[PDB]
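A single chain comes next, written as structure tokens; it is the form deposited in one PDB entry.
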């Protein structure tokens, strides 16, 4: 007998807001070679890739989604990268009875089963920071939290989720402030309302502006703890920006002691996953395929999720095991792949891969603290098993964390 070719219709953003496809396409190519060379996964089938550059643009992606659906061969799954591209393809997909599997989407809105009934993602939702936040609050005894956000759909949704999460844990949000571009008025209000435990969600440019305003208002020190997303560049507060008044020294001062949460994208452990690679081996392997240095390559940190997306699909198809009879007008095979994808449980290069009811990836979070102008690993949190690994590396001026109020 001969192996039947089975096709993935993928979209890789080689440019745009998140040029993740630069490192994610070779990671997908490596994963397909690895799955196809294994005779114990799909011995009867050969997984093949048909792809296009979406440019992280929905309008641009609409042209390629047509190209994938209206040209032979029939695709069994759709694989988009960007959140904006995934929102378009995952909503449209039901009309062609297609499973959608994203390797790079973080938008909380994508975890809606009514709008996106066949959607899965190896990239966790931005809401994954919230159970780690509630756990750090509980450990430190805080029940009063202030929130500050830049106005972006992603941050609004993340804070909306934090609200329902704090309520269950018996914690309340004291004050919520927002800003489009200038954070002068929201930070002044945080001092006025005597906020102590503050969650700040914004991009790098806005973070520098928030922290300049934070210095000028003495909103840093023993009384205050800031919670930020650990996605900034290496010495972000030191980066020169002519739009900000504050100096490097004044600003290294304002950021001192703040806590960050970051989604774990590469298993810190030296264990071997299903491919039998180590986290470190995968990195060495991917760096070789790349024309440019990892630092220059977009989506290098997200590349393990793209590698794991291929394995998640391969294992789901192996459960169902037929595939060549797939048609866009039939729910039968789709519902079976769906059930197999929903039941995913395996070790990947990014760690243990499992999806929640919404189809969103469950993963570890890396907790860090800025100690002397440098981030220090203070622990990890697993939302599913409720287990916190504590390093005993965290430090406070009081010798103990402050408190949410006046006392």
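Positions refer to the first chain, counted from 1.
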(request) Note how many residues of the deposited chain are left out of the model between residue 321 and residue 322; the options are none, 1 to 3, 4 to 9, and 10 or more. (result) 4 to 9
(request) Determine, for stretches 377 to 385 and 334 to 342, which one has the higher mean CA B-factor as deposited. (result) 377 to 385
(request) Between 291 to 299 and 196 to 204, name whichever shows the higher mean Cα B factor according to the PDB entry. (result) 291 to 299
(message) I'd like to know which of 139, 75, 129, 113 has the highest C-alpha temperature factor in the PDB entry.
(response) 139
(request) Check the PDB entry and point out which of 16, 399, 20, 9 has the largest C-alpha temperature factor. (result) 399
(message) Considering every modelled residue of the chain and its Cα B-factor in the PDB entry, is residue 61 in the lowest, middle or highest third?
(response) lowest
(request) Determine, from the deposited record, the chain-internal third of the Cα B-factor for residue 326: lowest, middle or highest. (result) middle
(request) Would you mind ranking residue 170 by its C-alpha B-factor against the rest of the chain and naming the third, lowest, middle or highest? (result) highest
(request) Name the third of the chain's ranked CA B-factors that contains residue 120, choosing lowest, middle or highest. (result) lowest
(request) Using the B-factors in the PDB entry, rank residue 40's C-alpha atom against the chain and give the third, lowest, middle or highest. (result) highest
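Below, we refer to the form deposited in another entry, which is not included among the displayed structures.
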(message) If you split the chain into two rigid parts that turn against each other between the shown form and the other one, which option among 247, 138, 194, 357 sits at the hinge?
(response) 357
(message) residue 351 and residue 381: their C-alpha distance differs by 3 angstroms or more in the other form. Do they come closer or move farther apart compared with the shown form?
(response) farther
(request) Given a change of 3 Å or more, say if the Cα atoms of residue 155 and residue 81 sit closer or farther in the other form than in this form. (result) closer
